[PDB]
Amino acid sequence: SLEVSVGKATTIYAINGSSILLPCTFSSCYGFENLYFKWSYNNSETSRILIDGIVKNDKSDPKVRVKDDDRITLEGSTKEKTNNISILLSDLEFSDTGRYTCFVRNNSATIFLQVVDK
Amino acid sequence: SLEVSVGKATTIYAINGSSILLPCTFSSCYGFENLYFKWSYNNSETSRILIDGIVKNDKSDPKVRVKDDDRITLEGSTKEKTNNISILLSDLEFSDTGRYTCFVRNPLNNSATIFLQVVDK
């Protein structure tokens, strides 16, 4: 049915030492089987995988495949209207400032995360 | 096809005296004809209309119907992969801080939310 979005990208400010939710949802007009998704981190120096996973079908919650940061928790859920593959990043440091890309296969969203003191 | 979103809501910080884009896009697997949309401001006693309009079809850019703030410009466009009905709010003041809602109706309905915080810096 009729869906709305604030876009494929946004900027989030988060507090040093705290946690933050990196939001991403997806949808398909023609269903899906074993959908692959991946969260990655980019800054001007380095790039790396954070977590990836599989959404088996439109009635199964996302499941983690590999994870490269213990501070990350998958916070996904599969419901009638929304396929949620958001992640929680805990114990933030200033070095966590950067671009977070969520890639979905069988498109990409971008979170610009800025870690601040207050 | 395959779409991705950062959600139906976000928070945007903007600078006093400047401008800001309030983003919203919509999608319908069933398509649409003469889709109605409305931007409202919600941190008052009663909600204040900002601008509403119509998207005729998947090949026509959004068009303004009524507008209640001359500081607002529709920045919409209709392309193959994206139905954009964002607006630009110029000449920001601190009183512009609040909740912005973008409502869409297909002749069901849905709504996206922008929490705008105006700061001096």
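We count from 1, first residue shown onward.
So this one's X-ray crystallography, 1.7 Å, going by the header.
Positions of Cβ are set from backbone N, Cα and C atoms, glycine also.
Counting only same-chain residues at least 6 apart in sequence, those with a Cβ under 8 Å from the Cβ of B:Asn16 (N-linked glycosylation site) are B:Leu92, B:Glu93, B:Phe94, B:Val118, B:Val119, B:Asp120. Annotation comment: Swiss-Prot describes B:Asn16 (among others) as N-linked glycosylation site.
Marked as disulfide bond by Swiss-Prot on the basis of sequence analysis: B:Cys24-B:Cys102. Taken residue by residue with DSSP, B:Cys24 (disulfide bond) is part of neither helix nor strand, so it is coil. Listed in sequence order, B:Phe37, B:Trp39, B:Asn84, B:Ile85, B:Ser86, B:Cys102, B:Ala112, B:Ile114 are the same-chain residues six or more apart from B:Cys24 (disulfide bond) with CB atoms under 8 A from its CB.
Feature annotation from Swiss-Prot assigns N-linked glycosylation site to B:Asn42 (among others); the stated evidence is sequence analysis. Taking Cβ-Cβ distances under 8 Å and a sequence separation of 6 or more, the neighbours of B:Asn42 (N-linked glycosylation site) in its chain are B:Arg48, B:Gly98, B:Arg99, B:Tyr100, B:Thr101. According to DSSP, B:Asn42 (N-linked glycosylation site) is assigned to coil rather than to any helix or strand.
The local packing around B:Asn84 (N-linked glycosylation site), expressed as other Cβ atoms within 10 Å of its Cβ over all shown chains, amounts to 18. As annotated by Swiss-Prot, N-linked glycosylation site applies to B:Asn84 (among others), with the evidence given as sequence analysis.
All protein chains shown were included, and the count of other CB atoms within 10 Å of the CB of B:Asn109 (N-linked glycosylation site) stands at 12. For the recorded site, B:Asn109 (N-linked glycosylation site), the DSSP three-state label reads strand. The annotation N-linked glycosylation site is assigned in Swiss-Prot to B:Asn109 (among others) on the grounds of sequence analysis.
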Among B:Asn16, B:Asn42, B:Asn84 (the glycosylation sites), residues with Cβ under 8 Å to chain A, listed in sequence order: none
Modelling gap (4 residues), B:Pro107/B:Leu108 Cα distance, angstrom: 7
